[PDB]
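Descriptive analysis of the structure
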Amino acid sequence: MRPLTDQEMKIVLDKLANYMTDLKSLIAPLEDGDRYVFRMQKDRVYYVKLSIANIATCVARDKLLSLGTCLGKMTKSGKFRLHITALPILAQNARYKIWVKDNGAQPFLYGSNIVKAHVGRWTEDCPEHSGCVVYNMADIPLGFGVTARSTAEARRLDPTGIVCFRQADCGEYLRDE
Amino acid sequence: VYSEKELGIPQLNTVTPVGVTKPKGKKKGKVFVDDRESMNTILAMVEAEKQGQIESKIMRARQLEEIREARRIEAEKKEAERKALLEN
Amino acid sequence: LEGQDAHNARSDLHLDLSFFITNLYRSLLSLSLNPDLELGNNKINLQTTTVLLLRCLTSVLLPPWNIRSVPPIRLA
RNA sequence: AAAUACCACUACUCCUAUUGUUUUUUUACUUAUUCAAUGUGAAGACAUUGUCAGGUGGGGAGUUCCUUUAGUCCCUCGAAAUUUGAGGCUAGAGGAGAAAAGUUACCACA
(Lines give C-alpha, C1' and ligand atoms only; values in the text may rest on other atoms or scores of the structure.)
Protein backbone atom coordinates (compact mmCIF):
# COMPACT_ATOMS: atom_id res chain seq x y z
CA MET A 1 0.00 0.00 0.00
CA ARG A 2 1.50 3.29 -1.16
CA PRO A 3 0.16 6.70 -2.18
CA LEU A 4 0.21 7.43 -5.88
CA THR A 5 3.03 9.41 -7.46
CA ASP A 6 2.74 12.58 -9.53
CA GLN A 7 2.52 10.87 -12.93
CA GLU A 8 0.16 8.21 -11.58
CA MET A 9 -2.33 10.77 -10.28
CA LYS A 10 -1.89 12.74 -13.51
CA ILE A 11 -3.08 9.67 -15.43
CA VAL A 12 -5.81 8.74 -12.94
CA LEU A 13 -7.23 12.26 -12.88
CA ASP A 14 -7.01 12.39 -16.67
CA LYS A 15 -9.31 9.37 -16.84
CA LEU A 16 -11.61 10.67 -14.10
CA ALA A 17 -11.85 14.05 -15.86
CA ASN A 18 -12.53 12.40 -19.21
CA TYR A 19 -15.62 10.82 -17.68
CA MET A 20 -16.45 13.32 -14.94
CA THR A 21 -16.97 17.05 -14.49
CA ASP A 22 -16.07 17.96 -10.89
CA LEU A 23 -13.07 16.55 -9.01
CA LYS A 24 -12.29 19.30 -6.51
CA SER A 25 -15.43 18.04 -4.76
CA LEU A 26 -13.95 14.54 -4.93
CA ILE A 27 -10.79 15.69 -3.14
CA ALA A 28 -12.70 18.15 -0.94
CA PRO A 29 -12.40 17.85 2.86
CA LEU A 30 -15.37 16.46 4.76
CA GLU A 31 -17.16 17.89 7.78
CA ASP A 32 -15.08 15.88 10.28
CA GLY A 33 -11.80 17.22 8.89
CA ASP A 34 -11.15 14.12 6.79
CA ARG A 35 -10.49 13.69 3.08
CA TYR A 36 -10.54 11.00 0.43
CA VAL A 37 -7.15 9.81 -0.82
CA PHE A 38 -5.75 7.58 -3.58
CA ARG A 39 -3.65 4.44 -2.82
CA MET A 40 -2.14 1.56 -4.90
CA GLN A 41 -2.06 -2.06 -3.64
CA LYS A 42 -0.53 -4.53 -6.12
CA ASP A 43 -1.62 -2.84 -9.38
CA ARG A 44 -5.20 -1.77 -8.57
CA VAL A 45 -6.11 1.85 -7.56
CA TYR A 46 -8.42 2.69 -4.64
CA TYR A 47 -10.54 5.66 -3.47
CA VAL A 48 -10.85 5.67 0.32
CA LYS A 49 -10.99 7.93 3.37
CA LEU A 50 -7.70 8.96 4.94
CA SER A 51 -8.83 7.70 8.36
CA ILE A 52 -9.68 4.30 6.90
CA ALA A 53 -6.31 4.14 5.13
CA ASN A 54 -4.42 5.03 8.31
CA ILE A 55 -6.38 2.44 10.31
CA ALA A 56 -5.76 -0.18 7.59
CA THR A 57 -1.97 0.32 7.52
CA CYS A 58 -1.46 -2.40 10.17
CA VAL A 59 -2.55 -5.16 7.73
CA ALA A 60 0.55 -6.69 6.14
CA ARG A 61 1.01 -5.84 2.46
CA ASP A 62 0.45 -9.46 1.43
CA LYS A 63 -2.59 -9.63 3.71
CA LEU A 64 -4.51 -6.65 2.31
CA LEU A 65 -7.08 -7.30 -0.42
CA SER A 66 -9.53 -4.37 -0.55
CA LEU A 67 -9.75 -0.78 0.65
CA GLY A 68 -12.63 1.59 -0.05
CA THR A 69 -13.73 1.52 -3.68
CA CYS A 70 -11.57 0.01 -6.42
CA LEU A 71 -11.39 2.55 -9.22
CA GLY A 72 -9.49 0.37 -11.72
CA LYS A 73 -6.01 -0.92 -12.54
CA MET A 74 -2.70 0.45 -13.87
CA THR A 75 -1.45 -1.62 -16.82
CA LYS A 76 2.00 -3.03 -17.62
CA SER A 77 2.35 -0.24 -20.19
CA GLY A 78 1.48 2.43 -17.62
CA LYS A 79 -2.07 3.13 -18.75
CA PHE A 80 -5.07 3.43 -16.43
CA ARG A 81 -8.36 1.56 -16.82
CA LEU A 82 -11.73 2.08 -15.13
CA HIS A 83 -14.00 -0.62 -13.73
CA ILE A 84 -17.59 -1.43 -12.87
CA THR A 85 -16.31 -0.96 -9.32
CA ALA A 86 -15.39 2.61 -10.31
CA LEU A 87 -18.88 3.19 -11.73
CA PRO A 88 -20.63 4.77 -8.68
CA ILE A 89 -18.37 7.82 -8.53
CA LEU A 90 -18.98 8.35 -12.25
CA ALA A 91 -22.72 8.06 -11.57
CA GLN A 92 -22.40 10.68 -8.81
CA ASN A 93 -20.52 13.19 -10.95
CA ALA A 94 -21.10 12.14 -14.57
CA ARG A 95 -20.42 14.42 -17.53
CA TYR A 96 -22.64 12.80 -20.17
CA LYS A 97 -25.57 10.43 -19.62
CA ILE A 98 -27.44 7.99 -21.87
CA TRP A 99 -30.54 6.03 -20.90
CA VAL A 100 -31.41 2.69 -22.46
CA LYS A 101 -34.67 0.73 -22.50
CA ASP A 102 -35.05 -2.66 -20.82
CA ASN A 103 -34.55 -4.54 -24.10
CA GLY A 104 -31.14 -2.87 -24.46
CA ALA A 105 -30.19 -2.79 -20.80
CA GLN A 106 -30.42 -6.58 -20.73
CA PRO A 107 -28.05 -6.68 -23.75
CA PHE A 108 -25.80 -4.12 -22.06
CA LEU A 109 -25.82 -6.33 -18.98
CA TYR A 110 -24.60 -9.18 -21.18
CA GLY A 111 -21.93 -6.91 -22.62
CA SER A 112 -23.10 -5.38 -25.90
CA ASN A 113 -22.72 -1.83 -27.20
CA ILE A 114 -25.93 0.19 -27.22
CA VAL A 115 -27.66 1.06 -30.48
CA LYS A 116 -30.21 3.65 -31.57
CA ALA A 117 -32.96 1.02 -31.66
CA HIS A 118 -32.50 0.54 -27.91
CA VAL A 119 -31.73 4.09 -26.74
CA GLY A 120 -34.73 6.02 -25.42
CA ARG A 121 -33.37 9.28 -23.96
CA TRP A 122 -30.37 11.46 -24.83
CA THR A 123 -28.30 14.38 -23.60
CA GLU A 124 -28.24 17.16 -26.18
CA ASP A 125 -24.89 18.54 -27.38
CA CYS A 126 -22.75 15.43 -26.84
CA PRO A 127 -19.41 15.15 -28.73
CA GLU A 128 -18.66 12.08 -30.84
CA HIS A 129 -16.12 10.44 -28.48
CA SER A 130 -17.47 11.66 -25.13
CA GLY A 131 -17.94 10.13 -21.69
CA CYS A 132 -21.42 8.75 -21.07
CA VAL A 133 -22.81 6.80 -18.13
CA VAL A 134 -25.42 4.22 -19.14
CA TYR A 135 -28.64 4.24 -17.08
CA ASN A 136 -32.14 2.91 -17.61
CA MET A 137 -35.41 4.85 -17.42
CA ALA A 138 -35.51 4.00 -13.70
CA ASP A 139 -32.16 5.76 -13.24
CA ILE A 140 -30.21 2.77 -11.92
CA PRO A 141 -26.56 3.14 -13.06
CA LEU A 142 -25.77 0.22 -15.37
CA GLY A 143 -22.42 1.13 -16.90
CA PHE A 144 -20.13 3.64 -18.60
CA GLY A 145 -18.44 3.92 -22.04
CA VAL A 146 -17.50 6.17 -25.03
CA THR A 147 -20.14 7.47 -27.46
CA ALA A 148 -19.80 6.25 -31.04
CA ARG A 149 -21.29 9.32 -32.76
CA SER A 150 -22.25 12.82 -31.75
CA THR A 151 -25.87 13.59 -30.90
CA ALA A 152 -26.94 14.68 -34.39
CA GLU A 153 -25.30 11.69 -36.04
CA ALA A 154 -27.01 9.51 -33.43
CA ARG A 155 -30.37 10.99 -34.44
CA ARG A 156 -29.77 10.47 -38.17
CA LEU A 157 -28.13 7.10 -37.63
CA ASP A 158 -29.77 3.84 -38.67
CA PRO A 159 -31.61 2.37 -35.66
CA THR A 160 -29.59 -0.84 -36.03
CA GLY A 161 -26.42 1.15 -35.36
CA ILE A 162 -23.93 1.48 -32.52
CA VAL A 163 -24.20 4.72 -30.57
CA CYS A 164 -22.06 3.97 -27.47
CA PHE A 165 -19.15 1.56 -27.22
CA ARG A 166 -19.29 -0.57 -24.05
CA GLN A 167 -16.24 -0.24 -21.79
CA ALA A 168 -17.68 -1.71 -18.53
CA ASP A 169 -20.94 -3.41 -17.53
CA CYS A 170 -22.35 -4.83 -14.32
CA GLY A 171 -21.86 -8.43 -15.49
CA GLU A 172 -18.32 -8.58 -14.08
CA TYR A 173 -19.95 -9.08 -10.69
CA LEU A 174 -21.11 -12.40 -12.17
CA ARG A 175 -17.52 -13.03 -13.28
CA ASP A 176 -15.96 -12.59 -9.83
CA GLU A 177 -18.46 -14.94 -8.20
CA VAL B 1 6.88 4.55 -34.92
CA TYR B 2 8.93 3.62 -31.84
CA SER B 3 9.14 5.14 -28.36
CA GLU B 4 12.06 7.31 -27.28
CA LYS B 5 11.78 5.50 -23.94
CA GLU B 6 12.48 2.18 -25.68
CA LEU B 7 15.32 3.73 -27.68
CA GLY B 8 18.38 4.68 -25.66
CA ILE B 9 18.09 8.35 -26.62
CA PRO B 10 19.96 10.75 -24.30
CA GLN B 11 18.06 13.75 -22.99
CA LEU B 12 18.85 17.03 -24.75
CA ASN B 13 19.16 20.41 -23.04
CA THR B 14 16.72 22.96 -24.46
CA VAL B 15 14.92 26.00 -23.04
CA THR B 16 13.20 23.42 -20.84
CA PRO B 17 15.99 22.34 -18.46
CA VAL B 18 17.06 18.71 -18.28
CA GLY B 19 17.79 19.08 -14.58
CA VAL B 20 19.59 16.45 -12.55
CA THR B 21 19.03 13.39 -14.73
CA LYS B 22 18.55 9.97 -13.16
CA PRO B 23 20.74 6.99 -14.08
CA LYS B 24 19.36 4.23 -16.28
CA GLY B 25 18.57 0.87 -14.73
CA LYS B 26 18.82 2.23 -11.19
CA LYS B 27 16.59 3.17 -8.27
CA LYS B 28 14.99 6.52 -9.00
CA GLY B 29 13.63 8.03 -5.79
CA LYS B 30 9.85 7.77 -5.81
CA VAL B 31 8.33 11.07 -4.68
CA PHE B 32 4.94 10.50 -3.08
CA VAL B 33 2.21 13.03 -3.74
CA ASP B 34 -0.11 13.10 -0.72
CA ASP B 35 -0.59 16.75 0.29
CA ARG B 36 -4.02 18.10 -0.60
CA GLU B 37 -2.26 21.17 -2.02
CA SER B 38 -0.27 18.91 -4.35
CA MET B 39 -3.39 17.14 -5.55
CA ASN B 40 -4.84 20.65 -5.95
CA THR B 41 -2.11 21.71 -8.36
CA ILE B 42 -2.17 18.41 -10.27
CA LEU B 43 -5.96 18.51 -10.58
CA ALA B 44 -5.84 22.14 -11.71
CA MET B 45 -3.39 21.15 -14.45
CA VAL B 46 -5.62 18.24 -15.50
CA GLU B 47 -8.78 20.37 -15.58
CA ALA B 48 -7.02 23.10 -17.57
CA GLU B 49 -5.67 20.61 -20.11
CA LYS B 50 -9.16 19.10 -20.44
CA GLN B 51 -11.13 22.35 -20.75
CA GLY B 52 -8.62 23.72 -23.25
CA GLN B 53 -9.50 26.80 -25.29
CA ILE B 54 -11.68 29.35 -23.51
CA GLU B 55 -12.77 32.30 -25.64
CA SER B 56 -12.82 34.79 -22.77
CA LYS B 57 -9.48 36.38 -21.91
CA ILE B 58 -10.47 36.89 -18.27
CA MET B 59 -11.47 33.22 -18.04
CA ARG B 60 -8.08 32.17 -19.41
CA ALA B 61 -6.42 34.52 -16.93
CA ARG B 62 -8.44 33.10 -14.03
CA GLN B 63 -7.65 29.46 -14.80
CA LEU B 64 -3.97 30.34 -15.16
CA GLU B 65 -4.09 32.30 -11.88
CA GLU B 66 -5.66 29.40 -10.00
CA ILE B 67 -2.88 27.18 -11.33
CA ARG B 68 -0.26 29.67 -10.09
CA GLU B 69 -1.98 29.97 -6.70
CA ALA B 70 -2.03 26.18 -6.31
CA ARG B 71 1.68 26.07 -7.11
CA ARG B 72 2.34 28.87 -4.63
CA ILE B 73 0.40 27.28 -1.77
CA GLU B 74 2.30 24.06 -2.44
CA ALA B 75 5.50 26.11 -2.23
CA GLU B 76 4.79 27.60 1.21
CA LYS B 77 3.56 24.19 2.38
CA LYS B 78 6.89 22.63 1.42
CA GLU B 79 8.84 25.55 2.92
CA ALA B 80 6.96 25.16 6.21
CA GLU B 81 7.68 21.42 6.19
CA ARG B 82 11.36 22.22 5.60
CA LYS B 83 11.47 24.70 8.49
CA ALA B 84 9.68 22.30 10.82
CA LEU B 85 12.09 19.49 10.06
CA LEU B 86 15.17 21.82 10.15
CA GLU B 87 14.66 23.54 13.53
CA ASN B 88 12.25 21.07 15.14
CA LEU C 1 -27.80 33.22 -18.44
CA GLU C 2 -31.58 32.89 -18.81
CA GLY C 3 -31.47 35.19 -21.82
CA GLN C 4 -32.22 33.07 -24.87
CA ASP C 5 -29.02 33.86 -26.78
CA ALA C 6 -26.84 33.19 -23.74
CA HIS C 7 -29.00 30.12 -23.11
CA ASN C 8 -27.92 28.72 -26.47
CA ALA C 9 -24.35 29.97 -25.96
CA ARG C 10 -24.02 27.96 -22.70
CA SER C 11 -21.62 25.09 -23.42
CA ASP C 12 -19.81 26.60 -26.41
CA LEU C 13 -19.08 29.67 -24.29
CA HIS C 14 -18.31 27.74 -21.06
CA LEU C 15 -20.77 29.59 -18.83
CA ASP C 16 -21.25 27.86 -15.46
CA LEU C 17 -23.36 29.04 -12.52
CA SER C 18 -21.96 26.62 -9.94
CA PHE C 19 -20.17 29.32 -7.94
CA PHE C 20 -23.35 31.41 -7.70
CA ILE C 21 -25.42 28.36 -6.75
CA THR C 22 -22.97 27.50 -3.98
CA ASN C 23 -22.92 31.11 -2.80
CA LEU C 24 -26.71 31.17 -2.56
CA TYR C 25 -26.76 27.81 -0.76
CA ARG C 26 -24.12 28.95 1.74
CA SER C 27 -25.76 32.37 2.26
CA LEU C 28 -29.36 31.23 2.83
CA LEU C 29 -28.64 31.02 6.57
CA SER C 30 -27.35 34.59 6.88
CA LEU C 31 -30.29 35.71 4.75
CA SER C 32 -32.51 33.93 7.28
CA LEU C 33 -30.95 35.54 10.36
CA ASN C 34 -30.42 39.11 9.06
CA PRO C 35 -33.02 41.78 9.98
CA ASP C 36 -33.32 43.96 6.88
CA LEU C 37 -35.24 41.41 4.80
CA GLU C 38 -38.49 43.39 4.57
CA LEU C 39 -37.30 47.01 4.82
CA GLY C 40 -38.26 47.84 1.26
CA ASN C 41 -41.86 45.40 -14.37
CA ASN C 42 -38.24 45.54 -13.23
CA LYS C 43 -36.29 42.28 -13.16
CA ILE C 44 -33.20 43.24 -11.12
CA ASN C 45 -33.59 46.61 -9.38
CA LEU C 46 -35.96 45.39 -6.69
CA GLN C 47 -35.82 47.21 -3.37
CA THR C 48 -36.63 44.21 -1.15
CA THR C 49 -34.17 41.44 -0.36
CA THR C 50 -37.15 39.12 0.07
CA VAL C 51 -38.22 39.55 -3.55
CA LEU C 52 -34.56 39.41 -4.60
CA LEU C 53 -34.21 36.01 -2.92
CA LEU C 54 -37.52 34.99 -4.46
CA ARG C 55 -36.15 35.74 -7.93
CA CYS C 56 -32.95 33.85 -7.05
CA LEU C 57 -34.87 30.74 -6.00
CA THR C 58 -37.30 30.90 -8.93
CA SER C 59 -34.31 31.06 -11.27
CA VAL C 60 -32.55 28.12 -9.61
CA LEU C 61 -35.48 25.79 -8.81
CA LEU C 62 -37.70 26.67 -11.77
CA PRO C 63 -35.49 27.99 -14.56
CA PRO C 64 -37.63 28.97 -17.57
CA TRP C 65 -35.90 26.29 -19.66
CA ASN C 66 -35.42 22.54 -19.21
CA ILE C 67 -37.68 22.48 -16.16
CA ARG C 68 -37.49 18.67 -16.19
CA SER C 69 -33.68 18.57 -16.02
CA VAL C 70 -32.96 20.25 -12.68
CA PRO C 71 -30.68 18.16 -10.43
CA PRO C 72 -32.74 16.43 -7.72
CA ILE C 73 -29.90 16.80 -5.20
CA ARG C 74 -29.92 20.58 -5.65
CA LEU C 75 -33.72 20.50 -5.53
CA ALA C 76 -33.82 18.68 -2.20
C1' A D 1 -24.23 -39.87 33.36
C1' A D 2 -25.69 -39.59 38.19
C1' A D 3 -31.43 -42.34 42.91
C1' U D 4 -33.85 -40.58 46.48
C1' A D 5 -34.08 -43.00 53.97
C1' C D 6 -29.53 -41.04 57.68
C1' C D 7 -26.01 -37.50 58.46
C1' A D 8 -20.94 -34.76 56.84
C1' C D 9 -18.37 -31.38 53.50
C1' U D 10 -17.58 -27.06 50.09
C1' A D 11 -19.53 -24.88 45.03
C1' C D 12 -21.56 -21.30 42.82
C1' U D 13 -26.22 -17.89 41.53
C1' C D 14 -29.80 -13.98 43.65
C1' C D 15 -30.73 -10.30 47.92
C1' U D 16 -29.93 -7.76 53.03
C1' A D 17 -27.16 -4.96 56.92
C1' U D 18 -22.42 -2.53 58.50
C1' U D 19 -18.02 -3.20 62.39
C1' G D 20 -14.16 -1.96 56.13
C1' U D 21 -10.99 -1.97 51.07
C1' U D 22 -10.19 -0.88 46.16
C1' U D 23 -11.41 0.10 40.53
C1' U D 24 -14.67 2.80 36.91
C1' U D 25 -18.68 6.78 35.15
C1' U D 26 -20.92 11.78 35.93
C1' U D 27 -20.82 16.61 38.20
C1' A D 28 -18.36 20.93 40.93
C1' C D 29 -13.84 23.88 42.16
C1' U D 30 -8.37 25.38 41.28
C1' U D 31 -3.27 23.72 43.17
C1' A D 32 -1.31 19.57 37.96
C1' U D 33 -1.08 21.43 33.02
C1' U D 34 -1.74 24.93 28.48
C1' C D 35 -1.99 30.28 26.12
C1' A D 36 -1.23 35.98 25.98
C1' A D 37 1.74 40.33 28.15
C1' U D 38 5.41 42.98 31.34
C1' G D 39 9.58 47.96 33.15
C1' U D 40 -1.13 39.98 35.74
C1' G D 41 -5.87 37.15 33.39
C1' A D 42 -8.34 32.77 30.85
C1' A D 43 -8.92 27.73 29.86
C1' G D 44 -8.81 23.36 32.63
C1' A D 45 -7.63 17.70 36.13
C1' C D 46 -9.54 16.75 29.64
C1' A D 47 -5.85 17.49 26.41
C1' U D 48 -0.60 17.86 25.41
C1' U D 49 3.80 15.09 26.62
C1' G D 50 7.15 11.15 28.22
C1' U D 51 8.68 5.38 29.14
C1' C D 52 7.97 0.17 27.77
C1' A D 53 5.50 -3.84 25.05
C1' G D 54 3.74 -4.64 20.22
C1' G D 55 1.44 -4.24 14.22
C1' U D 56 2.82 -2.21 9.45
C1' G D 57 6.22 0.21 6.87
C1' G D 58 6.81 -0.07 -2.10
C1' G D 59 9.49 6.03 2.15
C1' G D 60 14.86 7.04 4.63
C1' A D 61 20.13 5.00 6.45
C1' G D 62 23.76 0.67 6.42
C1' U D 63 25.73 -4.62 4.84
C1' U D 64 26.18 -9.18 1.92
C1' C D 65 9.54 -15.91 9.92
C1' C D 66 6.34 -19.33 9.17
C1' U D 67 4.66 -24.50 5.98
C1' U D 68 5.54 -29.88 4.47
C1' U D 69 8.26 -34.41 5.02
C1' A D 70 10.36 -39.08 8.48
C1' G D 71 11.86 -40.13 13.50
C1' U D 72 13.01 -40.63 19.54
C1' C D 73 7.06 -41.23 21.67
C1' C D 74 12.62 -36.26 23.83
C1' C D 75 10.58 -30.81 25.96
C1' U D 76 6.85 -26.37 26.25
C1' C D 77 1.84 -24.15 25.64
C1' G D 78 -3.90 -24.76 24.89
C1' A D 79 -8.05 -27.98 25.46
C1' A D 80 -10.54 -32.75 27.58
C1' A D 81 -10.15 -35.96 31.26
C1' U D 82 -8.87 -41.60 31.01
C1' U D 83 -6.87 -37.95 25.04
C1' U D 84 -5.88 -34.15 21.38
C1' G D 85 -4.16 -29.59 18.67
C1' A D 86 -0.07 -25.72 18.22
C1' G D 87 5.06 -25.15 18.79
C1' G D 88 10.50 -27.29 20.26
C1' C D 89 15.10 -31.03 18.19
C1' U D 90 17.46 -33.85 14.15
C1' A D 91 18.07 -32.71 7.99
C1' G D 92 15.54 -32.32 2.77
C1' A D 93 11.96 -29.37 0.45
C1' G D 94 9.34 -23.14 -0.49
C1' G D 95 8.97 -18.25 -0.17
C1' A D 96 22.03 -6.91 -6.05
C1' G D 97 16.42 -6.55 -4.71
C1' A D 98 11.03 -1.08 -5.96
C1' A D 99 14.86 -0.56 -10.86
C1' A D 100 11.91 -3.59 -12.80
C1' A D 101 12.25 -8.90 -14.34
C1' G D 102 10.08 -13.78 -15.88
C1' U D 103 5.65 -16.46 -18.02
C1' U D 104 0.79 -18.21 -21.01
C1' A D 105 -1.54 -24.16 -26.64
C1' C D 106 -5.56 -17.00 -24.03
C1' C D 107 -7.43 -11.81 -26.30
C1' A D 108 -7.01 -7.27 -30.02
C1' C D 109 -4.11 -5.22 -33.79
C1' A D 110 0.09 -5.73 -37.34
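Residues numbered from 1 in each chain as written, not as in the entry; some residues may be left out. Chains lettered and ligands numbered in written order. Part of a larger assembly, values for the part shown. Heavy atoms only, no water.

Method of structure determination, per the deposited record: cryo-EM was used for this entry, reaching 3.1 Å resolution.

Turning our eyes to something else, we now look at the overall build of chain C. Along chain C, the regular secondary structure elements total 4 helices and 0 strands. The N-to-C order of helical and strand elements in chain C reads α-α-α-α. For chain C, the proportion of its 76 residues judged to be buried stands at 9%. Of the roughly 6600 Å² that chain C leaves accessible, carbon and sulfur atoms contribute 61%. In chain C, which carries 6 positive and 6 negative side-chain charges, the distance between the mean positions of the two groups comes to 6 Å. (Helix = DSSP H or I, 4+ residues; strand = E, 2+ residues; numbered from the N terminus. Buried < 20%, exposed > 50% of the residue type's maximum accessible area, 1.4 Å probe, protein only. Areas by Shrake-Rupley, 256 points an atom, 1.4 Å probe, with all protein chains shown as cover. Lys, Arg positive; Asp, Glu negative; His and termini not counted. Charge placed at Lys NZ, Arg CZ, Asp CG, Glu CD.)

Neighbouring RNA strand D are 15 residues, the closest being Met1, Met40 and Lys76 of chain A together with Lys27 and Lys28 of chain B. Counting only the atoms of RNA strand D that lie within 4 Å of the protein, the sugar and phosphate share comes to 64%. Here a sugar or linking oxygen of RNA strand D and a backbone polar atom of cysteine 58 of chain A are 3.1 Å apart. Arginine 61 of chain A places a side-chain nitrogen or oxygen 3.1 Å from a base nitrogen of RNA strand D. When grouped by side-chain class, the residues that make up the surface near RNA strand D number 4 nonpolar, 3 polar and 8 charged. (Near = heavy atom within 4 Å. Polar contact = N/O pair within 3.5 Å; in protein donor to acceptor, adjacent residues only side chain to side chain. Nonpolar A, V, L, I, M, F, W, Y, C, P; charged D, E, K, R; others polar.)

It is worth spelling out a nonpolar patch on the surface at this point. On the surface, a nonpolar cluster with roughly 480 Å² of combined accessible area is contributed by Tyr2, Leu7, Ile9 and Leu12 of chain B. Structurally, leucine 7 of chain B is set in the segment before α1 (36-51). (Patch = residues over 30% accessible without salt bridge, like charges linked within 9 Å, V, L, I, M, F, W, Y side chains within 5 Å. Salt bridge = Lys/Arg side-chain N within 4 Å of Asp/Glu carboxyl O.)

A few words now on the packing of aromatic side chains. The geometry of an aromatic ring pair comes down to the distance between the two centres and the angle between the two planes. Residues and elements named next belong to chain A. Going through the model one piece at a time under the given rule, you end up with 4 aromatic pairs over all chains. Each ring, one from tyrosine 36 and one from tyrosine 47, has its centre 4.5 Å from the other, and the planes form 10°; the classification is stacked. With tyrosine 36 in strand β2 (residues 36-41) and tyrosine 47 in strand β3 (residues 44-49), the pair connects residues that are 11 residues apart, well separated along the chain. By relative accessible area, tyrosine 36 is classed as partly exposed at 28%. By relative accessible area, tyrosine 47 is classed as buried at 7%. Ring pairing ties together the aromatic residues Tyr36, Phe38 and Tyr47, which thus form one cluster. A cation sits over an aromatic face here: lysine 49 above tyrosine 36, 5.8 Å from the ring centre. (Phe/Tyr/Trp six-rings, centres within 6.5 Å; stacked < 30°, edge-to-face > 60°. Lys NZ or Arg CZ within 6 Å of the ring centre and 35° of its normal.)

Here the UniProt feature "domain: PUA" (unreviewed entry) sits at residues 96-171 of chain A. The distance separating the terminal C-alpha atoms of residues 96-171 of chain A is 22 Å; by composition the span is 18% helix and 41% strand. (UniProt positions renumbered as here; feature names shortened; annotations may be inferred.)

Attention now moves to the sheet that holds strand β10 (residues 141-147) of chain A. Residues and elements named next belong to chain A. Taking strand neighbours across the sheet as the criterion, the 6 strands line up as β7-β11-β10-β9-β6-β8 in an open arrangement whose pairing is mixed. A strand with exactly one partner marks an edge of an open sheet, and here the two such strands are β7 (114-115) and β8 (119-121). Both β10 and strand β11 (residues 162-169) contribute to a ladder of 5 bridges, which runs antiparallel. Along β11, the bridge assignment pairs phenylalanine 144 with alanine 168. (Pairing = 2+ DSSP bridges.)

Bringing the sheet that holds β3 of chain A into the picture now. Residue and element names in this part refer to chain A. A sheet is described by the order of its strands in space; here 5 strands give the open sequence β1-β2-β3-β4-β5, paired in antiparallel fashion. On the outer flanks of this sheet lie β1 (2-3) and β5 (80-82), each paired with one strand and no other. Where β2 meets β3, 6 bridges bridge the pair, whose relative direction is antiparallel. In the sheet register, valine 37 faces β3, and the bridge partner there is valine 48. Contacting β1, β2, β4 (69-74) and β5, helix α1 (residues 6-19) runs over the sheet at an angle of about 35° to β5. (Contact = heavy atoms within 4.5 Å. Axes fitted to C-alpha atoms, helices over the stretch in contact; angles between N-to-C directions.)

Turning next to the interface of chain B and chain A. Each side of the interface is counted separately: chain B has 15 residues, and chain A has 19 residues. A buried area of about 1700 Å², summed over both sides, lies between chain B and chain A, and 61% of it is on carbon and sulfur atoms. Summed over the shared surface of chain B and chain A, the number is 2 salt bridges. In this structure, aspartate 34 of chain B engages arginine 39 of chain A in a salt bridge whose closest nitrogen and oxygen atoms are separated by 3.0 Å. Between chain B and chain A we count 6 residue pairs in polar contact in total. Partitioned by chemical class, the residues of the side of chain B that touches chain A number 7 nonpolar, 1 polar and 7 charged. (Buried area = accessible area lost by both parts, 1.4 Å probe.)

A word on the pairing of β4 of chain A. Working note: regular strand, side chains alternate between the two faces of the sheet. All names here are of chain A. The pairing of β3 with β4 spans 4 bridges and is classified as antiparallel. Counted as the bridge partner of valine 45 is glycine 72 from β4. Pairing of β4 with β5, which is carried by 3 bridges, proceeds in the antiparallel orientation. If you follow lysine 73 over to β5, its bridge partner there is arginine 81. The antiparallel hairpin formed by β4 and β5 contains 5 residues in its connecting segment, where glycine 78 sits at a positive phi of about 75°.

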